[PDB]
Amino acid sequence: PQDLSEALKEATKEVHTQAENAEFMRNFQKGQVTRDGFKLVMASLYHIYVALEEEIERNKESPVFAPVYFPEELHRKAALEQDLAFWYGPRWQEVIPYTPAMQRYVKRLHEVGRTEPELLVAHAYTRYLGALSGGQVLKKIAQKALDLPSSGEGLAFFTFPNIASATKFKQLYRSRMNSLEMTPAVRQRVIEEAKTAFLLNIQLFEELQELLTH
């Protein structure tokens, strides 16, 4: 398509479906999620966003990313830190798992941020725009499945407090993405990186499912 935001959505429909079809996510959507399983997903989200925001902060002034730099509206690290303290306790930093599949995702994020920063937008799009769209549906399913007490914590990740209107912000974020200047060769790679992001999530889901079935 013409607009990058339009091209991204179009090219990732197939892999997005695969994500939804992943056994781990199938169970999740069927409301068949356990606390042990939800803890693992929160853990991986932490590693993922720490690496991602670390790289974004590194290329924020670069012309290949600056346009989609919205730190206050999107940053998720503090949110996950709060959440993990609830899920794994005060010593969460010493006990949260950091699995091989999580590491493979983290390693690709640092690789892009450091050797192909022009592709970072692919990951910011996939994480942030994704979380902002299908984030509510998964949170709804989660709480309704988890049966959390009433301690007022554990799900801050699913709320973007600095964004008043999700639809208005996504319009803006798409605009900014469509303003990025890139050669057709780069655009094709940004498109490919996005699909790869999905694949990294799928192999993560496959790993988490394996760890939980024993």
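All residue numbers are counted from 1 along the displayed sequence.
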Higher of the two mean Cα B-factors (184 to 192, 155 to 163; per PDB record) comes from 184 to 192
Is the mean CA B factor in the deposited entry higher across 127 to 135 or across 75 to 83? 127 to 135
When you compare the CA B-factors of 49, 70, 28, 38 as listed in the entry, which one comes out on top? 28
Compared with the other modelled residues in the chain, in which third is the CA B-factor of residue 43? lowest
Relative to the other modelled residues of the same chain, rank the CA B-factor of residue 23 and answer lowest, middle or highest third. middle
Split the chain's modelled residues into thirds by Cα B-factor; residue 142 lands in the highest
According to the PDB entry, is the CA B factor of residue 12 in the bottom, middle or top third of its chain, that is, lowest, middle or highest? highest
In terms of the chain's CA B-factor thirds, is residue 3 lowest, middle or highest? highest
